Structure formats: structure tokens, C-alpha cells
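Residue numbers (the deposited numbering), protein chains in the order written: chain A, 11 to 49; chain B, 15 to 58; chain C, 637 to 874, 888 to 1126; chain D, 2 to 132, 146 to 271; chain E, 338 to 865; chain F, 1 to 64; chain G, 491 to 539; chain H, 1 to 117; chain I, 1395 to 1442. In this text, a Cβ means the ideal position worked out from N, Cα and C, and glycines have one as well.
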Ligand SMILES: [Mg+2]
Ligand SMILES: [Zn+2]
Ligand SMILES: [Zn+2]
Ligand SMILES: [Zn+2]
Ligand SMILES: [Zn+2]
């Protein structure tokens, strides 16, 4: 809302490295348990 | 409420959560009785 | 002849088809065997000694009219129409409303149509006594005029008399059934018919639950309109979370009868039939017996239709341009033959290869019936009372009412319910979703040069959305 | 710049049709009163049905429809009845309605015809036309029917159950003296009932400075009104339409200032 | 799998990216309406009370909009939402008390679709850009879409249970764009073949031809009644062509008031004898041909499809090139209304008196057919006695079938001309064929004279049975009647063996159309 | 299913002429003469009786 | 139901008297479903013993 | 319910007024009356009477749409006459014609109380 | 005429006869997001 607005001019492809994969992920350390809920 | 047998047409009150069978006929197809609130038509 | 005068007595003689085969006068002939045979079409004409085609005939046909199916042997004089026309009607008399079975009171079918006043034809083929078309007919003999009146019957349409519709013309009814079955899908998840109360049950909407009785079903006789609840079925929550069944939109029916019994696996279930009357209006589809379908354009009262010199207004008016391009001349003889049958009191005969009646013979009879032999008559204009310079061809014909009515094909959407995963417009309870904007429509707009309308239809009128994007990188934020 | 002096002359008169002739008038007036015999003559008919018990073969809206098309004797008391939308009463009152009642039950094994002799009213002025019998439904042993109906007042633009007439014949100029219609072969056409030509002629000779006069009518009746009070109530009804429009007009060009 | 989640048609790349499902759209049947301008459409009240249009509140329309918001979802011309500046979308079919709602500059009311709006209207398959033109709304009682008739040619529509969709622009930029780009009066001439796509059609065409004959005289009352329907009339009554017993006006004299501006054109009528420009009477034309429109008034000639229909150099084409796109609209509408209101005085019909002929014609047609059969027998017998000589590049059987085809075609054509020759001026078939409204010269001869010769796969009826066509002929019969020549007319009826061959021809003619649609649609999609 | 009470075109009352029509065909009358003995002279009012199929007599065979 | 080969769709002459020549649906199933004539009778089988 | 009730064809609403006058500005001495809730029965009876006036130049009527209930009448008279005059003089001549024909009719039916023959 | 000229000019523009077909459109200097709208999304986009 406070931010402006803008167009798109170019789409660049490419494979992403594990570096940014670990850096921008949301669940730090990683998902470990195969069971989703417990109680 | 009140139900009508499908063969002998003898009304019999069936209570909630009760098997569906007639009496004096032993039949298993019941028709609900027509309502008693009145609706009006037009001849048009 | 000895075989005929004892075959017209099967009722109290016990002599029938089987005693006819076993005497060696008829014989079944396969297709392969039919290549080593020489057939004659008709006895009195092909088996006379002369300078003759052949002289070694081996078999003879019974009547050459038995080469037609079931739906194609109800057409009068089809040996006078163009060929593709006979194909259309045979695929069109399969969807004409009538009475379909005598015990239609017991059967709780879905989608049953029934006509009020069916009538049998005035011009019949002789092979209709064997398929019971005079005991369960589908149609009404109407008085048709072929003229251009006010322009509302152009391009395959018909004008029809409004004050004949008010006397029962082509009126019908319409039934429909609904099923519901109570079920125990789980040990605790169990359904039951009961009247859902507002404070106990929760997943209700805003319906009026007063029409339901204590059982949860509507008694027959009430007038159920669109968006009413008819069956109240509550599910117990691991309190009570209610479901129910609502009508479709725009029914305006009347509950006919309610049945309660046990289906195969023994679960209690009920069936409900809804009755609704359908009066002909200006979208409905009407068709003749010769492949002329057409909607209804407008309805005039009796004080406006054109009349004859004794007050006979037509029930239907059709365009003369429908005839010359498709060449259905069988349509122009059954309305000439029909006018003789109403004046004499017989019922006509239109067996195809009998071809007994010459049109002129029939035509002459009409002048004899004081109704000009040309099938032509002098009509007066209904608005101003003046005579019409031309003479109009008028007579009785047999029309049918097809199944496609207009109450069933109208729908509209304006900001309706959408989906959940893709947020695209979805159908709702009012039967009415959106119309697809296909690929070929995306190109007419490009050739037009309309760039705003092309954007609105695809983005603003379908799943608009906003996201945030980073500046240095091009990833969402 | 003024009106005409039309002259009437009656030819026949029965209890179901009138034949007359209107000379010395204009075509537009002789037609505007042909549409009033049909549409705008008031009459009584059933317009409100309520069914208490129907176990017959026909459904409820079938019987409610075969009742409205039964013609009731509307001879004299149509002028005393208000329109139910004008009357200051509630939904219904004996000043703008007439109540009927039917109740039939079949007990013998032989089938039963439910005719119109069963419609029992409260006002002895309006009864169905019985003084054969219209059939309403047939019943089988163990079926019954009972209902209540009211009969309002209206005319033929509402619904085709309120018009009082069967076919209304009308024609003028029995021989093409004006050539309003053009025959391609004038010899194949039967001669009209009202013609005055010889047996070996087809049309009268053309006369250019002519005008349609001497219109011929034939008004039948369904059974509610006499065939001669259908006409008197039409002319008295058309006059009262113009007479009311002249009020609204003079009220407009007076309030122009 | 993931690559399986984004497959082709109905995946995620070809089923939901460019082709999807939209809202603010409706669909129902179409029915004719001759009282509407060519740029209007008729919308029922149940669709119009459902689709909305967001209208920004400005001090120019504050009172009207708060009046509209007083009445919501109950009265028809109302509103059903208020969108204030914060994005708050409140619902007014329920708000307890409406009067507290005070509109303010910047708010945004969600109006009901009223008259004068702009919509987009297309038909089932969209082939060219004329299959989606911008109309204008006009609201009518019953529940079908109503549109004019001269616009049915672009859409390729007809009123036997058809359906069409409409989409409603919500943005003001979108509405403006359509108004000045794809409105239907702006797409009269097409860039595909540089000629008009909309012309006068069947009904009005047949009447326009009869209205402009040399002998059509109107009285005073009828001329006034007709002038009542002109939307571009200046208010003056022209001086009659005949001023004595009664003032009588003429057809061309009234038509000269419909023609806009001062245009010029010269065409011919479809019955112009080619040997008329040779001799004298080149500028007199006894038959009243050679249409001449000089300085915007019809001087001479009968109007037909060659002069009013969708073709190059027509009257509508010239009126579009010279006068513009906003006067041709009035041209169309005036022609239609005036001619219909005269046709209900003149009347039109078709019967069986118009499908029958004089006895001599019956006598002559039989003779030509008997001679045609004689020639076919001669050729066949001569071939058996081996007296035929093949032509270069033809086998004896091919050249024998060439002789047979030649004879059959020639026989049919001579009969057809005889049947064409016997008609009257009052005939109603000739009245729809001459004006070009509907029909062809062949149908007249097929109804009156001879149906002709059937053929499957472009060749005569084959020997389906071993050396036979039916089990009623003798073997190797090569006559005309034994291989498909129907010698009756549709009025005299067909015999069984002819009714079967006719069915065969019709069947093949019916299959080809079923194939054509799919083929052409696919190839056009690829190319585009 | 049952004889209409009014002809669709004229409006003339027909619903009271079905039993008398069967009674005349019962003795010896032709359909052309029975219709004249009842007073039906327009061919729109004769179509009403001439082409009527009476289905109500077959729905009275099912016990209520 | 979509093959464009015409020879299994066109009317054979041998269909005389055993399959109706006029009655067939339009669309994509032209000539694929057919109705049999009025007196056509299908055999039931027996033993050649 | 997408179909209008039958009484809308003749019954006036609350805000409507049956007749409305507007002056045509293209030619002098022209007027344009707009009767509401009406049809051809009344429209045609007026036009035929105006043409019988030797001081009326134009007269016609049209029902602009058969599915709505409204007619329009246009009149133009000589410069020494008023369209509102010619209109009201026409009506009082119809009434003087109908009431006369009713008397001559009621006499003809009682001309055969027992019968003339 | 303009339509015929434009078609038969864009059909023979890159020197050789490329049919308007599946593998005639498959070959030109076009972007990656257009060849993903035609039945080989994933493999060509993995290449990209
Ligand atoms: Mg179509
Ligand atoms: Zn029982
Ligand atoms: Zn970033
Ligand atoms: Zn009251
Ligand atoms: Zn009648």
C-alpha cells in the first residue's frame, strides 16, 4: 500500500543455487518430521 | 407424523426413528399425507 | 382368394400368420439369398404377359411401403418431399411432447412432459394402426395460413393466435422428481430428516424453514417457489451441523406428492415430485411433420388476425419463403387433403406408394366444400377491414410441440460466486455461471483493434489480483 | 367537419345471435366497435379457487383452470358490482364478488360425472348456464373433490375467459366495386352471401370515387349476456371512454397557464 | 508429477492462461425486432437488474446517485453497493436504514444497467472481426434478446433457437474505446473485399422491389401515414406527380425522401435485356430498368439486390463513402420502417396457385422427356452392336457415359427453360426470385417441370446390386429411369424408386457439410 | 385428456357436446352428419370434436 | 465416431427393405447408427444336425 | 416472474398522466399528443375524424412499440386554427355520433317486440 | 490482394519453405515463453 507500482520489461531464466535456497527459505534448519500434526 | 400405506391406504402414525412398515398389510412404501395449510390459485 | 376370406376371420377361426407360412405362400428371404431372386413390386402390374421386362419372376412384394422405419412411417406423402427433409423429421418426431404412457400417474420419472389435449391426425398413413399412433398421439390439428402478415414470421418463425392459447391450445404440464437418502457414512457421522432449528444447527443460510413439517419434508399441495428448502437433513457434528436440499432457481412449482420407503441397502429415502404448468409463449419451438421447425415470433388476439368471409381466423401463420428453397410439397397437399376430410367427415389416406389422391382431385373437392379449389381463399385484413389483394392459401395441418422451451435456456451472471483455489468465476446455486471467452473470440477483438475491451474481458472481468515485487531482484516480496 | 347519421337495420334475432346492418358511417368506426364486442364488455367469471381435498386424476391446477372457463349468467347485476381493486372493502365482500361451492364424493361402483350442476352459489342471480351440463372431472369409487371459489368482474383484455362472444363475423363491399382486394382469376371465387350480382358475373364494375358503406355484422354469444345487450353495452362502453379522455385533455390545456 | 500438473490443453499453460471464464456476461435466445435501430439491442429486465456498472461520484451527479441509492435491489433502477474511498464495499440490499447513507465526492456507487449503455455482442463461432460488434442497450418487457434484421448477415444468425452472448465493459476507458472503434455503424464496409456486409434483406427487399414499380400511386392519407415514420424528414410535403381528380404520389417520389444528401449512382435491374443499349430507347427503357439516382432522388428504375444489397458500388456503399457512418444508419432504419408500414397495406403470400401451370406446359414437358429416353436407348443399342467410336483419351464405356450425360443434361435444361417460360406477373415465386430475396431460377423448374437426374460421388447411380440398382429392374439396364433420372415434379410427387435415389443424393449432400466445419475451423486456427 | 370447454379459435362452447356426439355415432350417423345435427358449421369448431382422443377413460382404471 | 472414411457411412443398395433409408442422426454419427424397417426379422439360430 | 401482469396494459400508475402536449418546432401550427395506456381502438377512431375537417393539413398516429402501451398523434392546421381546437372538436363529434346510433339501435330492437311480420 | 501478398510474403521470408505446421512454427528466433504454450513446455524451458 505504501509502496508504488511498476511494469515488467524482461524475464530472465536460470537455475537457482542451494546458497539462496537455504538463505531465503522460511523454515530454518529444515523440515524434519514426516508427520504434519500431533495434537 | 401421519403416513399412508402404498397398498391398503390405511393411515398410521409413524413415530420418529422407527421402522417403516404398514399394519394389517406389511408393506414398505409410505406416502406422506397432504398438508393442511391452504394455498389459493387463479383461474387465470 | 381362399386364403383371404378365411384370414379376415382370425377372431373366431384360429387361422393366422403361422398357418400362412406352413402352407407355402410366403417365405423369409435373407440378404445373401436375395441375390439369386427376381422380384416383382406389384402383382396386377408386373405379372401380365406382354412385350415384358422379364418372364421368370420368382417372388413378389407385399407392399413397397414396408421399407421405412418407425419414425419415418408417420409422414404423409413423403414421396413428394426432398430427401434431406425426411431425415430431419424422423430425428425430430422423437422429441415432440405428447402422452408417453397411460400409467404416468404412478411413475416418478424425472423430466416428464404431458400435453393437455392430444388429437389424432386428419391425414393418416395406413401403417399407423400397427404402432398405436391413434391411442397415444402427440400433436394437434391447427388451421395454418401461408402468408406474410406483419414481418414477425420471417426467417423460420410463426405468428400464433393469442385467444386460442387461452382456450387450451398446446398447453401442457411438466413434472420433475428429486431423490434424497439418509445415510450413516461413519460410526458417528449420521444423517436424519428433521426440521433444523436456528440456535442448535449452525451451517444454515437464510432460508424460511416454516414450510417443512416435523418430519423434515414438505406436505403435497403447497406452492414451492425458487430458493425454498424442501428436505431438512441434519448431520451430527463430532453438535448438529445441518444440510438440506434447495430448489433450482425459477421453478414456481407445486409439490405433487411425497413418497417414503426403503431403497436397496435398506436406508430410508424419499422422492418428491414437483408440478408446473407451461403455457406457450414467444420463445417456444414448433415443428410440422415435414421438417419445418421454427420458434414463435408474436401473438395476436382474435380481433387482429385476418379472417375469412365467415369468421375463421388461423391459429398459426407461416412464411411463404420456407417452401421454395427446400421443396416440401408434401406439406402443401396434406393441408389440401385435410380440408376435404373435415368437410366430408372421413379421415384421409396418405400411404406413400398408394399415392391414391391427385392434388387436383382433392383441390376440386375444396371448391365443392365452398372453399375455393385452389385451397385459396379471400382474407380480410384484421386492422382495417379491407380486403387483401392476393388470395391466401389456408387449411388444417398437424403440428407438434417440441421439447425445447425458452424458460430453460435463459441465464445471466453479474459478479457471482467465484472459486477458491484459482479465484475464477464459478457456478452458484442460481444455476448461472459465466460464458466462456474462447480463443476465436480473442482474435476478433485483436482484428478490431480494441485493446481496452480485450484487457477488461480477460483480466478485470476474470480473477484480478495484485502482488508486490522487489526492484533489484525480480522476486515477490 | 362534423359527424354522420348512421342508420341500423336488424335482420335476425335469436337467443344466441344478432344480424344487423350499419349504413352511412366510416370504416374506422365500424371496426372500432368490432373490437369492443370482444375485448371491453364486462362480465362475471371465476378468479379465485382454493382446494380442500382433491383425490381425483387431474392435478389441482387442472381443475382450477377448467372452472374459470365456465360461463356464468351476467345479465343484469354486472352494473351493480364494483371492481375488486376499486371497492373499499377487504379482499372480498358481497359487493364485489359471488361465492361458489363444490363438494362431491363417489361411493357407488359405477363412475360419476362431476358436471356444472354442482356449482352451488349464494346469489340466485349468477348461476352457471343451466335453466346440457359442462363436464369438469370424472371420479372413481373412493375419490372426492371439494373447493370454494369467488367470481369477480372484468373484461377480455385481462384474460380470454372474460369475453362474452363466440366468433364475430364482419364484412363489407361484397363485390369488388372498390377493388380493395385483387383477384388473379375472378371466376374461381364463390359469390358472397350478401351479393346482388347475376349468376354469370364475377365482380361489379370498378368505380373510382367510391367509399365503403353498409357494413354487415353477425354477433354470436356464449351464454352469459343476451346477444342484443352485448351490443348495447359496447356502444355505451366506448362512449364512456372518449367522454373520460376529454376530461383529462381539457384539464391539460387549462393548466397550460 | 509437477511437469504433469502443467500439461497442454487443460493443464496450466494452455487452459487457464489465455482462455478462461469471465463474469458480467449473459446468454439467451434472440428474436427479431424491426422497430430498433441497427445499433441497438433489446435486454430483458431480469438480466439488466443483475449486471452493474461502477460510477464515480462527482458534484455533477451527486443528487441523482443518492436518489438511486435510496432505492436498492427492490425498485429496478437502483443500486446494490457503495464503495467508499477506503475500499469499504458495503451492501445496501440489507443496510438497516438507508437514509443515513450520505454519498460524498470520491465515493463509487454500483449502479444498475440502464438504457443507453454500451455492450459487446458476439455469436457462437467467431470467424471475422464482424462477429463481435458494439451495440447499445434498450430495455424491453419479455425475456429474449431483440435485435434488428439487417445485422443478422454479419453475425450469420437466424431465429430458430439460436443464442448469443454479451459482455459489459466496466472501465470508462474500455467503454470509450468501443464507442469510437467497434460500434456497428463503423463496420459497414469490410477490408476483406472492400464492399458493404449489411444490406437490405429478404422481406424488405421483396417489398422494395414492388414499391418502386412504375405504377404505384398513393392517396393523401396513405402518404401522410408513411411520412409519419421518417426520422430525418424536414417537414414539407412534396408536390404530387398527378395534380387533378385526387393528388396522387408515386413510389419513387416517396423513396426520394429516404435517400440521404445528394448522391449519384447508376445500376441495372436483374431483368435488363442486354439488347436494350443497342437500339433506341436507351434512356427511355420500356421495361423501367437502368436505375438512375441523380442529385439524390430516384428518377427511374426498379430497386433490387443488385442496387441495394451487399455488393460493390451499391447505393449503401456510395452513401457510406460520401456521407459518412452516421447517416447510413438512418438510411437503413428509415428504409425498413417505411417499407414495412406500406407492406401491411400491400400484403404478400405464397400458395399452390403459384406452383401450378397451364395444360400446354404439361403436354410439352412429357414430349421432351419421351424424346430424351429415345435417344438414350439408341446410344445403348448402338454400343452393343459395336458402332460407337471412342474419342481421344476416352474408353468406350466412358464415351458412352459421355453420350449419356450429354443427353440427360440437355434434356433437363430444355425442360427447365420451358417451365421457366410459363409464369405470370402475379406469380409469387417469380416475385421472390426477381427481387433476389430468396430462391433461384432452378427451384421454379424443379417445382413445376422436372426434378432432374440424381448422382452419387459425382457420377450416375451405381450398380449396388449385382448388375442392378434395385431388385425390380432387369439386369444391365442402362436407361434413364433405371439409373436415377427423376422425371416428375415436386407437385406431382415421386414414385418409390425415385424417392430412394433422391434420398441417396440428399444423404451425400448432407455428409459433406458435417465434415466442412471442423476442417475449416482447425486450419484457420493454425494459420492465425 | 378431457374435452376442452371452448374452441381455441372462435370461443364457442364445445365442452357440452361430447356425450351427444357419441350418442349420434352410436345409432347410424356419419361423422359428417352428426356434426351438422349439433350446429357446428365452421371448420375450426368441427376439428375440436373430430380429432379428440379421450384419455380420461383410461386413467379411471387405476384404483385410487 | 469421427473417422472421415465415407464408405462405412454411405447408403448401400443391399439395405433395401431391411434398414430404413431416411432415418439417421446428423452431427458426427451420420450413418453409424441405423434403425431397421418394419417387417425386417432377425434370426435366432438352430442346430445343423 | 419475468412477465408483466395483465392489468398493466390499461391501468394507469400513480405518477403517470393520460395525455401530454408538446409543440413541434420544425413547422408552424403543429402539435404532438401522447396518450398513455391506449391502443389502436382509440387511435384510429380519432385520425379518421380529423381528416374530415377541411382545416387540417396533417393527421396520423403510431404505436411506437407493440409491447408497450402508448400512442402518438400529430396534427397540423391552417394558420387561423389551433391544433388543440381541432382535437377537441373531433371528440365532441364522435360522442354526438355514438349517442345517436344508440338511440336508433334501441328503437330497432323494440321495433320487433312481438314482430313486424 | 493485400491479404494474399502478406500471407505469401510472411510464408517465404526466412529464405526456405517453412510450412505453417507444428515443426514449422517450432523453428524461428522466438522467445521461450511462446514455445511453452505449445505442448513442449517443460523440456524447452529446462533447456532455457
Ligand atoms: Mg440457426
Ligand atoms: Zn398396508
Ligand atoms: Zn530483492
Ligand atoms: Zn368485497
Ligand atoms: Zn371455433
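Cβ-heavy atom distance, residue i to ligand 5, below 8 Å
{"i": "residue 11 of chain F", "result": "yes"}
{"i": "residue 181 of chain D", "result": "yes"}
{"i": "residue 958 of chain C", "result": "no"}
{"i": "residue 7 of chain F", "result": "yes"}
{"i": "residue 48 of chain F", "result": "yes"}
{"i": "residue 42 of chain F", "result": "yes"}
{"i": "residue 1093 of chain C", "result": "no"}
Ligand 2 heavy atom lying under 8 Å from the CB of residue i
{"i": "residue 156 of chain D", "result": "no"}
{"i": "residue 38 of chain B", "result": "yes"}
{"i": "residue 25 of chain B", "result": "no"}
{"i": "residue 22 of chain B", "result": "yes"}
Residue i and residue j closer than 9 Å at C-beta
{"i": "residue 26 of chain H", "j": "residue 572 of chain E", "result": "yes"}
{"i": "residue 413 of chain E", "j": "residue 382 of chain E", "result": "yes"}
{"i": "residue 155 of chain D", "j": "residue 110 of chain D", "result": "yes"}
{"i": "residue 1127 of chain C", "j": "residue 872 of chain C", "result": "Because residue 1127 of chain C is not part of the residues shown, which for chain C are 637 to 1126, the question remains open."}
{"i": "residue 634 of chain E", "j": "residue 687 of chain E", "result": "no"}
{"i": "residue 59 of chain H", "j": "residue 71 of chain H", "result": "no"}
{"i": "residue 1023 of chain C", "j": "residue 689 of chain E", "result": "yes"}
{"i": "residue 753 of chain C", "j": "residue 2 of chain F", "result": "yes"}
Three-way DSSP call (helix, strand, coil) for residue i in this model
{"i": "residue 20 of chain D", "result": "strand"}
{"i": "residue 40 of chain D", "result": "coil"}
{"i": "residue 479 of chain E", "result": "coil"}
{"i": "residue 585 of chain E", "result": "strand"}
{"i": "residue 1050 of chain C", "result": "strand"}
{"i": "residue 340 of chain E", "result": "helix"}
Any non-hydrogen atom of ligand 3 closer than 8 Å to residue i Cβ
{"i": "residue 18 of chain A", "result": "no"}
{"i": "residue 1411 of chain I", "result": "no"}
{"i": "residue 1121 of chain C", "result": "yes"}
{"i": "residue 1442 of chain I", "result": "no"}
{"i": "residue 1126 of chain C", "result": "yes"}
Any residue whose CB is nearer than 6 Å to a heavy atom belonging to ligand 4, listed in chain order: D:88, D:90, D:93, D:94, D:96, D:97 and D:98
Any heavy atom of ligand 1 nearer than 6 Å to the CB - residues listed: E:495, E:497 and E:499
Contact residues within the stretch 698-712 of chain C, judged by C-beta distance below 8 Å to chain G: 698, 702, 703, 704, 705, 706, 707, 708 and 709
Members of the stretch 959-976 of chain C that neighbour chain E once the beta carbon cut-off is set at 7 Å: Here the close residues are 969, 970, 972, 973, 974 and 976.
Near-chain I residues of the stretch 344-370 of chain E (beta-carbon distance less than 7 Å), N- to C-terminal order: 345, 350 and 351
Near-chain E residues of the stretch 201-217 of chain D (beta-carbon distance less than 7 Å), N- to C-terminal order: none
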